[PDB]
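[1] With the input below, show me the fold.
(one chain, ligands or ions: 4)
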Amino acid sequence: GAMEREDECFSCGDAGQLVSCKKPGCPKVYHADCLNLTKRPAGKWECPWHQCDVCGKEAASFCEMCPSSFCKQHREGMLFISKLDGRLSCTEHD
Ligand SMILES: [Zn+2]
Ligand SMILES: [Zn+2]
Ligand SMILES: [Zn+2]
Ligand SMILES: [Zn+2]
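    Numbering: from 1, shown residues only. Ligands and ions are numbered 1, 2, ... in the order given. Have a look at this structure:
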């Protein structure tokens, strides 16, 4: 993190061997295993929660229930506000 670092994996909902994002505005942490980080990131690492789950490009919207964020193109119709808590939820959370 660059301000704080929560002690739970946003991907799994579990805590453990966590690697934190080194980008400002990101308090989130994840497991290297669930991220498929076979290669150990060196230096500034940006979590895939900044990457569009569809095209792999930079995400503009962030699903608040999974590391599947979306770009300006792949966010339309794919991400919506959950009426349960007001959190951004993607269509893949049935
Ligand atoms: Zn995990
Ligand atoms: Zn991040
Ligand atoms: Zn995209
Ligand atoms: Zn989602």
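[2] residues in this protein within reach of ligand 2, list them.
    Proximity of the chain to ligand 2 is confined to 21, 23, 26, 47 under the rule CB under 5 Å from the ion. Any C-beta I mention is one placed from the backbone N, CA and C, and that applies to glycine too.
[3] Which members of those are the farthest-apart pair?
    Using CB to CB, those span at most 7.4 Å, a distance reached by 23 and 47.
[4] For these two, indicate the residue with more neighbours.
    The neighbour count for residue 23 versus residue 47, taken as other CB atoms under 10 Å, is higher for residue 47 (21 against 15).
[5] and the residue nearest to that one when sequence neighbours are not counted, how many neighbours does it have?
    Nearest in space to residue 47, with sequence neighbours left out and distances taken as CB to CB, 6 or more residues apart in numbering, is residue 21 at 4.2 Å. The number of residues packed near residue 21 is 22, by other CB under 10 Å.
[6] if we take the residues of the chain next to ligand 2, which one ends up nearest to ligand 4?
    Ligand 4 has its nearest neighbour among the residues of the chain next to ligand 2 in residue 47, at 14.4 Å by CB to the ion.
[7] which residues touch the closest one?
    By CB atoms under 8 Å, 6 or more residues apart in numbering, the residues touching residue 47 are 21, 23, 26, 28, 30, 35, 67.
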